[PDB]
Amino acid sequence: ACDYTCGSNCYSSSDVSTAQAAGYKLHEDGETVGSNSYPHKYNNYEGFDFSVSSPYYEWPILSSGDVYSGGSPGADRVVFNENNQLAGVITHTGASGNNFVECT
């Protein structure tokens, strides 16, 4: 069964830790990838009650199992903080426009 289900996409904890480790080292290195320049700040417009503190950063998580390296980010994201603490897994899947909803 899925630890996080983003629409139709299924992720285990391992998938999430892997994406997150990747996202956080580029953040620490001040490196960005992709046309959207990931990882980038996540403002939490949605108002998600995360149990970890701000600021937050979002990094894509791919259904392929591959780590993001440019190209299309897909609709799923891992949100981590400055301490490299997981805040949550979110998606545009099922959200209207560029809004986000949590992955279950």
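Rigid core: the largest C-alpha set superposing within 1.5 Å between the two forms. Throughout, we count residues from 1 along the sequence that is shown.
The stretch that strays farther, by root mean square C-alpha distance over structures and residues in 4 other deposited structures of this protein after a rigid core fit, is 45 to 53, when 74 to 82 is set against 45 to 53.
Stretches 44 to 52 and 57 to 65 differ in mean CA B factor, with 44 to 52 having the higher one. Ranked by Cα temperature factor within the chain, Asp76 sits in the lowest third according to the deposited record.
Among the modelled residues of its chain, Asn9 has a C-alpha B-factor that falls in the middle third, as given in the PDB entry. Per the PDB record, residue ranking by Cα B-factor puts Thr91 in the lowest third of the chain.
When all modelled residues of the chain are sorted by CA temperature factor, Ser17 is found within the middle third.
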